[PDB]
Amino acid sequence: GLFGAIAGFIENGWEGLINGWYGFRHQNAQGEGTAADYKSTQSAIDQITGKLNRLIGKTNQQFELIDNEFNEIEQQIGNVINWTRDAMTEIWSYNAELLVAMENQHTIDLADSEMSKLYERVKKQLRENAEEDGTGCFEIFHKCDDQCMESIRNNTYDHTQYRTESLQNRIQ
């Protein structure tokens, strides 16, 4: 992926995360905890659905018989028709291959981008109160309970409240 998050600095995905595409996992004095993030999950699915809306359910042009299976037309016209049919097949097989390969490249990078953006969102949210682990985690330098973990997840965390406690925990 172009952004280096998914299959990058984040080791692996979570099989337990059944509720969404992206999420948070926290450890504190109360234990483990996993919760899915709605916004980034919905952003990614909307973009995947948009690709599908483009490719699936297209209106097609009508094409008629220019041949005759039961009454062979002169081989001269038949071979011309066949050359053209094969030439069309060549183009569409090329286009399809390229379209799918190109879309898949974009889909993978798009999802990697969403992970990165959420990671960046949290980083800026935590300010001076945390340091990044390098593996997708933030080492928080203040006591942070389940209510505190929730405030981070839904963008209501106030860094000012913990700045003094965090800064002295960071400077030792």
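The numbering used is simple: start at 1 and walk along the sequence shown.
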Entry B factor averaged over C-alpha atoms, 47-55 against 60-68: higher for 47-55
Comparing 13-21 with 144-152, the higher average Cα temperature factor in the PDB entry belongs to 144-152
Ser116: CA B-factor among chain residues, third -> lowest
Of the three thirds of the chain ranked by Cα temperature factor, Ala130 occupies the lowest
Chain thirds by Cα B factor, record data; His26 belongs to the lowest
The third of the chain into which the C-alpha temperature factor of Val80 falls is the lowest
Quick tally, chain-level thirds of C-alpha B-factors: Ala101 sits in the middle
